[PDB]
Amino acid sequence: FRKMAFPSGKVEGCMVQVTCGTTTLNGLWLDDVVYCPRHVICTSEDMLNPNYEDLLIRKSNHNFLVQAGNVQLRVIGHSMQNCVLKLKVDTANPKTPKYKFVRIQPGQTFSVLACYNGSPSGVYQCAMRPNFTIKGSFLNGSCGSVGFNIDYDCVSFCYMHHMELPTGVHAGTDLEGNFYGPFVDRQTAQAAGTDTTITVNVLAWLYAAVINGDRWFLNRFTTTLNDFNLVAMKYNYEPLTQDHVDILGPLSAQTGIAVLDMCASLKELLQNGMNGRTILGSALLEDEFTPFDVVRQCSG
Amino acid sequence: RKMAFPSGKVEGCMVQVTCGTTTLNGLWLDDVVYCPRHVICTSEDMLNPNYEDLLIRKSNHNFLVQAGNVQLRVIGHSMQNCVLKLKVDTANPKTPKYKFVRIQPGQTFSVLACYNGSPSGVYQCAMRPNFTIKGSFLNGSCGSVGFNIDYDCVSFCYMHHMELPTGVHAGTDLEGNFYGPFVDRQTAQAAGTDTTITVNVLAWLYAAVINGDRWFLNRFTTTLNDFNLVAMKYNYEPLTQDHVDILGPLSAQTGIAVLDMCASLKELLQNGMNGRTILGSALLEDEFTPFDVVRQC
Ligand SMILES: *[C@H](O)[C@H](C[C@@H]1CCNC1=O)NC(=O)[C@H](CC(C)C)NC(=O)OC[C@@H]1C[C@H]1CCC
């Protein structure tokens, strides 16, 4: 199993650059709107303590330089929605895919198209941590890069990049400008909650092991969801939700192993350790493959 | 972070190729579609296919090429080693600037995994020293390609043909020559003993340091040859002076001499990681090149 990104072409066709003064970042061009982080309107000095409504009132359409490559897109309207700027432009993007804006939950994975100056540099798979950070690879100028999933014809945009934390992890918003987690777009020191292990994804990984014939850890017992959740928290594992139990349905059906039986197997691993054994060629439990990711790499 | 090149320029080239009941992917550049020649085989052909004999018995019309909902008419075909070249009456307007290259073991590339001419996923691979790749490929993935992008130019280096019993993968360059001692017949094939790409392990250790992780460093040093003696004992590839030179920028950036990092790696090889982890991994990672690390740091 490897981290596998979605093909990035449909998103590459939507990346532009947005500049205000000398501050440049990336934007997302869909139909006749460009979406980008609102801190593009900030001087480096104003990022320390920005008053965004005040900064925006002083801006006009003609203060925004939007470019696809080196080709300018004329801005004909502007508005702020939470922490994102929406710039109406006079050209509808002919490469606009079928798309939607979604807000993902911790544990869910998505592909990031890392961009600089509106130019895509690389694509990689990220997991949203339970503390609402991602372990990105982002350099200066990467803001406005987006995270996405692709289902059939439709690009689901879920993440737009805004900042790095002192610990090196990354934070950002959905495409409605609402931050994931307790973060704000100010150049102030901000700390994330202590992180935890994504239980639903560990379970997905155990199911993947079973599918591949690696099943020594299956035991004869079961548990209730509440008993499991209370034990899991003592090992810094996330509690399971009802939605987690449901998204494990397909893998449970594929293997014939009930979700709560797998929970009891995981509980034994937590309480007793691996005892020098491995699972899928590893003594570490992997928590950044979702149930869908497992099905992706096992089917096509 | 393992990072692939953006795949859009390659996505615009992927098509579906069918012959008989065999369907796989092709690469459509200008007015030519490239694909694995074993598309012309049947069940009974695959064991010992005489490809020149099988191919002469085919007509242009035995090949169905589909780009989305549009069929492309094949107006000519030829074989170059293990690749079939199908001439079509339409030029791909999405053809990028491109070249065909043969990569060296230890080099990395991105794979666009495709099924039925449709892109499914992208990931980074290394050409192993034993000329396999550790890919994620299923039935119908043949004809998927590997590539690197420099400026606006796509350098195609890999086309996918097979899986080995061990679960690793084998394929060709875009001239149709295999990497490694493999053959496009339906037989169980073993690879040579694999080794670890040492220059890449060192690059990744430097990446761990750049991201503030240094538990594995030490105050010892080593000569190049003494390091290589230990490396070979542990089935690591030897480190050349060009490798040392290639690592210079990472050495400068971090203030750690290449041979000092070799001494750290030696200590890791002889003692293991004693439970610790580097950049999240319980194992030494060898599929990041020095360039991969630099570009991202
Ligand atoms: C082409 O799509 C397909 C891709 C492989 C299928 C499963 N995973 C793959 O990467 N290629 C093939 O099926 C090969 C065709 C021959 C003619 C080259 N064969 C193959 O990969 O077989 C796999 C198993 C180990 C070998 C045992 C043969 C008796």
Side-chain angles (χ1 to χ4, degrees), chain A residues 1-2 4-15 69 97 111-116 119-127 134 136-139 142 145 150 166-170 212 273-274 276 278 280-288 293-294 296-300, chain B residues 1-14 96 110-116 118-126 133-141 144 148-149 167 207 210-213 272-273 275 277 279-283 285 287-288 292-293 296-297:
Chain A
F1 281 92
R2 54 174 49 252
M4 190 180 307
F6 290 98
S8 59
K10 293 179 170 69
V11 182
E12 290 170 57
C14 300
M15 297 313 305
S111 296
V112 171
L113 179 67
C115 293
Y116 300 91
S119 292
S121 52
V123 58
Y124 54 90
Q125 195 80 340
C126 286
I134 62 172
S137 179
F138 291 114
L139 310 178
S142 64
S145 298
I150 309 186
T167 60
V169 300
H170 297 100
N212 283 278
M274 315 273 273
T278 62
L280 286 169
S282 179
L284 281 285
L285 300 179
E286 170 68 48
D287 82 337
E288 296 217 340
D293 293 323
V294 169
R296 255 186 87 200
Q297 275 174 58
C298 286
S299 89
Chain B
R1 299 308 320 245
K2 192 155 283 167
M3 193 176 305
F5 287 105
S7 62
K9 293 180 166 54
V10 178
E11 294 174 47
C13 300
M14 298 310 303
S110 298
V111 172
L112 179 68
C114 300
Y115 301 89
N116 298 109
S118 293
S120 63
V122 59
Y123 52 89
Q124 199 75 346
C125 280
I133 70 173
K134 302 173 192 292
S136 191
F137 291 118
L138 313 172
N139 278 344
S141 63
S144 295
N148 284 274
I149 305 183
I210 292 173
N211 288 261
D213 204 343
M273 292 170 66
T277 69
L279 286 173
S281 172
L283 304 157
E285 174 65 41
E287 302 206 353
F288 297 92
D292 297 340
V293 164
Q296 181 175 155
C297 293

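Chain letters run A, B, ... following the sequence lines, proteins first, then strands; residues in each count from 1. Side chains included, hydrogens not; waters and symmetry mates left out as well; all remaining heavy atoms used.
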Seminar exercise, completed: On a heavy-atom basis, the closest approach of B:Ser136 and A:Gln297 is OG-CG, 4.0 Å
Problem set entry | Minimum-distance pair of heavy atoms, taken over all atoms of A:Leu284 and B:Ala282 | CD2-CB, 3.9 Å
Exercise. Which atoms of A:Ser282 come close to chain B, meaning under 4.5 Å heavy atom to heavy atom: side chain ones, backbone ones, both, or neither?
Worked result: neither
Seminar exercise, completed: Hits for side-chain contact (heavy atoms from CB on, under 4.5 Å) against B:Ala4, two or more places apart or cross-chain, chain-then-number order -> A:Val123, B:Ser110, B:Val122, B:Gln124
For this session: Keeping the roles fixed (side chain from A:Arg2, backbone from B:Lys134), state whether a donor-acceptor pair exists under 3.5 Å.
Result: yes
Exercise. Which value, rounded to the nearest 0.5 Å, describes the distance between B:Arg1 atom CZ and A:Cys126 atom SG?
Worked result: 5.0 Å
Seminar exercise, completed: Shortest non-hydrogen pair, B:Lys2 vs A:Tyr124, comes out as O-CB, 3.5 Å
Problem set entry | Non-hydrogen atoms of A:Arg296 and B:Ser120 that approach each other most closely | NH2-O, 3.0 Å
Problem set entry | Choice from A:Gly122, A:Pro7, A:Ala114, A:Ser8 maximising heavy atom contacts with chain B below 4.5 Å | A:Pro7
